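Only one chain comes next, encoded as C-alpha cells, the form solved without ligand PBQ.
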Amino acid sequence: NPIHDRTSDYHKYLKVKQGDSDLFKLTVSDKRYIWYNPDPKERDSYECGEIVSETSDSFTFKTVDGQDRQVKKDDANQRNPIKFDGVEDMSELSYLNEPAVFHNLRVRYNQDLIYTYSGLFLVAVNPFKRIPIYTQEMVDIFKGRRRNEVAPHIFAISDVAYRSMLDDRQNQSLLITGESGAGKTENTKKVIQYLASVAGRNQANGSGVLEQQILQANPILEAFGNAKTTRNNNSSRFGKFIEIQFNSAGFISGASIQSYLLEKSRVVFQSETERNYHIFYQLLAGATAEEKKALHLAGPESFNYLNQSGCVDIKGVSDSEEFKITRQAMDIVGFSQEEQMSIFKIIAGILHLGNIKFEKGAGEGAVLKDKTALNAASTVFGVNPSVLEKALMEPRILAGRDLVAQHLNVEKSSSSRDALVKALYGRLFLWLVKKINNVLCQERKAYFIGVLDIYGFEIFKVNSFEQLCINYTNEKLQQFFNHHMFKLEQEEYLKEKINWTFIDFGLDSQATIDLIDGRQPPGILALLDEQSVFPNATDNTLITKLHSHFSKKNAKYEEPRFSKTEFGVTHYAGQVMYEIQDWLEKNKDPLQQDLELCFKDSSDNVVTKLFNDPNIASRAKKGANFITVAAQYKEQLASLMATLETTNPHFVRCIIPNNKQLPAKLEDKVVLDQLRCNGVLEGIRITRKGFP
C-alpha cells in the first residue's frame, strides 16, 4: 500500500516530509508565539515574535529585532503550535487567523504541496512548475478512497463528487474559482482525466473510444480559445461548463460542452506583449510547404493581426509542436480531412482580411488600391473578390424601405472588415463546439457531474466591455459560494430550530451584482441596452447616463475625477476602472448584411454552414431589435447558475502565488488578498462552529 509506504512517490510528492530531532525539540517546546506586523503600514507582511508575558487582556512579545511590544489578546494573531505546520485540513488549526492560514499554506507550498483542504472545500496554490502527481498510478491510489484517508488532491475531491453522485443519485458540480492564471484550467483538465479513468470502460477493439475523445476535446478548444495575455501565457478567452455524463450503472455515457462568450475582439487587436489565439501561430509554424502555399501564408511579422503586439512567441512553447497536437486531437474527435482544411482556410482567410489596407479616394468615401490581400482572402474563402470589395466599402442598407448604397470612409471600412473577421472566427468557434458535442453525446444520460472552467477575474491598464462581462461572471460565482457556504447553511439551521445564533460573515456581492445586471432600478447592462437601441446615442451619452444614475448614489460605483470616459466598479476582488470606448458597438455586435450575403454564397462547405445554419448564423430578435450581447450573456449566465443550483457543488479555490508567473515565490500580499476576498477563513469558521 503506497498510502503507508513512506518510500512511495505518493509519500514523496503528496505527504509532508518527516521532521528531524532538532525539529522535534522545537515541536515539544513550551514557548508561545504570535504573528505580528513589524510595519503597521504593511499589514500583510508578518514576522514571528515570542510571547514573554501576559496580563488579563494583553500579550507582550519580542520582535525579531531588539524591542518588545504589547497587544490586546482579542487583537492578537497567535501562532499555532508548530505541530500544525503542514496540516492537510486547516479546520484543524487551534488559532484560525490570516497569518496562521497563510503560514500553513506557505509551509506546504515550500514542499511542493499545492493542495490543502480548508474545511469542506479544497484550496490550490499554483506551483508554476511541473509536479509528478497526476500519473495513472496516482489516479489509482485515490480511486475510491474517503477524503480523510488520502492526502489533499484534485483527484480526491473528484472521487468524492463521484461517490456522492452514485450514493445520493443526485447531480454534482465542481466549481473551480480563481483569478487569471491561478490554475482553474489545469485543475479542470485533471478532474476530467480522473473521472474518465475511474469511470470509463476498458473493453478492447471497440471500447473506451469515448473517454479518449472526451480528453481530446480540450486541446482543440484551447488552440482556438486560449491566448497569451499579460497574466497568463495560456489564458482561456471563453468560459466553459463541461458536463460529464454517466449511465445508471455509474459509467461514462458521454459529455457536452457549453462555451461562454469568446473574446471575438482579440482576433483583430492584442495589446503590447500579448498574442492572438494560439491557432494563428500553430498554423503559420506547423503547416507544410504545400499548405503554406495553397494558403498564401508567410510569417507572423507579415500579418497585421499578428505583428502589432511585438510578441509572436511564448517562452517554452513550440507552436509547430502544438499544431501537431491540435490536428491529432481533431482526428481522434472526428474532423474529416476536408473539414480541417476548411478550418485552416478560414484561419488563413482571417489573416489575409486583416491585411486589407483601405485608403481615401478623391472624396470622403474609401477605396482599395492594392487588392493582393483582398484577392488572397477571397481565394481561400471561396468568395467573389468584387462582391466582397463592394460589400466592405459600399454596403447596402435600407433608408425607410429604400435601398441605399453606403460609401464607408477609411475608418468605417476597416471596422466593417473587423466585424466580418470576428463574426467569422466567432462562428467557427461555435461550430467546433457543436461538432465536438455531437460526437460526445451518444447516449441518454442518467446523471452528470458539471465541471465549470470560467475565465478568471482580470485587470489590465485598459479594461473594456470584455473585462466587465468576465468580472461579472466571477462576481456571480463568488456569490454562489457565499450563498451555499453561509446563507443556505444558516437558513437551514434556523429552519430546523437547532438553537443557532445567526452569524454575519460579511460576505455579500449582491450590491455589485445588482449594479451590473440590475433591472429595477436599471443597472449598468440595462442602461447599456437602452442607449444601445437609441439612435442618437454615443459612448459619451452612455457614460454621462451611467454617472447620472450611479455617481454618488451607488456605493459600488465611482465616477473618477481624473477621467471622463471611465467608471469604476467595486468587485469582490477589487475596484476596476472601465473604459467606455466602443461599448455601444460591442453590445450591438453589428455586421453588414451585404457581407453575410457575400459569404452565404461561398464555395466552401464549412464557411457556408457558418452563414446558413440558424443556430450559428441566426440572431434572436428582442422585438424590433436583435438581442444585445449583454442581454444574451446575462441570460445565459442565469441558466448556468440555475443549473448549478440543481446539483450538489464542490468548490476548488485556485490561488495564484505571485503576479510574475514564477515558481517558488509565494507573495503574502498577493496571496492574502485572495484568501480574504474569496472568503476562505470565513469558509473555515462556518465548518468549524456549525453542523456540516
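Residue indices: 1-based, along the sequence shown.
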Query raised in the report: When the C-alpha temperature factors are averaged for each of 374-382 and 227-235, which stretch ends up with the higher value in the entry?
Result: 374-382
Query raised in the report: If you average the CA temperature factors over each stretch, which comes out higher, 107-115 or 442-450?
Result: 442-450
Report task. Among the candidates 174, 598, 221, 333, give the one with the maximum CA B-factor reported in the record. Result -> 333
Query - Highest recorded Cα temperature factor - choice among 478, 80, 276, 618 - result: 618
Query - residue 657 - Cα temperature factor, lowest/middle/highest third of chain - result: lowest
Query - Entry-reported Cα temperature factor of residue 264, expressed as the chain third it lands in - result: lowest
**Report entry** Where the record places residue 21 (Cα B-factor, split into thirds across the chain)
**Finding:** highest
Query raised in the report: C-alpha B factor of residue 249, ranked within the chain: lowest, middle or highest third?
Result: highest
Requested in this report: For residue 37, return the chain-relative third of its C-alpha B-factor as stated in the PDB record: lowest, middle or highest.
Outcome: middle
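Keep in mind that the form solved in complex with ligand PBQ is not shown, yet the notes after this line are about it.
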Query raised in the report: Can you say which of 368-376, 498-506, 588-596, 285-293 gets within 4.5 Å of ligand PBQ in the deposited bound form, counting heavy atoms only?
Result: 588-596
Report task. Scan 387, 430, 537, 107 and let me know which has any heavy atom within 4.5 Å of ligand PBQ in the deposited bound form. Result -> 430
Requested in this report: Have a look at 302, 618, 207, 94 for me and say which one sits with a heavy atom within 4.5 Å of ligand PBQ in the deposited bound form.
Outcome: 618
Query raised in the report: Does ligand PBQ get within 4.5 angstroms of any non-hydrogen atom of residue 422 in the deposited bound form?
Result: yes
Report task. Using a 4.5 Å heavy atom cut-off, state whether residue 86 contacts ligand PBQ in the deposited bound form. Result -> no
Query raised in the report: Are any of the heavy atoms in residue 426 no more than 4.5 Å from a heavy atom of ligand PBQ in the deposited bound form?
Result: yes
Requested in this report: Verify the contact flag for residue 264: yes if a non-hydrogen atom of it lies within 4.5 Å of a non-hydrogen atom of ligand PBQ in the deposited bound form, no if not.
Outcome: yes
